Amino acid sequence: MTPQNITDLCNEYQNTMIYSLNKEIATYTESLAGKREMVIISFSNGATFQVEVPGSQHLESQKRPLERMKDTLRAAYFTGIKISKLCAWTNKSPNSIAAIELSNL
């Protein structure tokens, strides 16, 4: 079963949640520090998310997608586009991004 949308996709995983945001990223933080090679984003209401440091929890097939998501979040920040939804793992803090939805007019 290949999902058609982010909600169906998110429902294929345990410990995930959909956040319906419809707002721009307020702060973008990027780190190259050893063992903390990660991106953190936050919104104006204080909601905070990460793209995790690559680790043993990730399949080989996820390594390039982690980098793609960080590219997408950086582009979203620079352009000020609204994020429609995030699917995030709730068993990490900040909540860890699994998928993103961008939606327009």
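Residues carry their position along the shown sequence, with the first being 1.
Averaging CA B factors per stretch from the PDB record, which one is higher: 75 to 83 or 44 to 52? According to the PDB entry, the answer is 44 to 52.
May I ask you to compare 95 to 103 and 1 to 9 by their mean CA B factor in the entry and name the higher one? According to the PDB entry, the answer is 1 to 9.
Going by the entry, which third of its chain does the Cα temperature factor of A26 land in? Highest third.
Lowest, middle or highest third - CA B-factor, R36: Its C-alpha B-factor belongs to the middle third of this chain's values.
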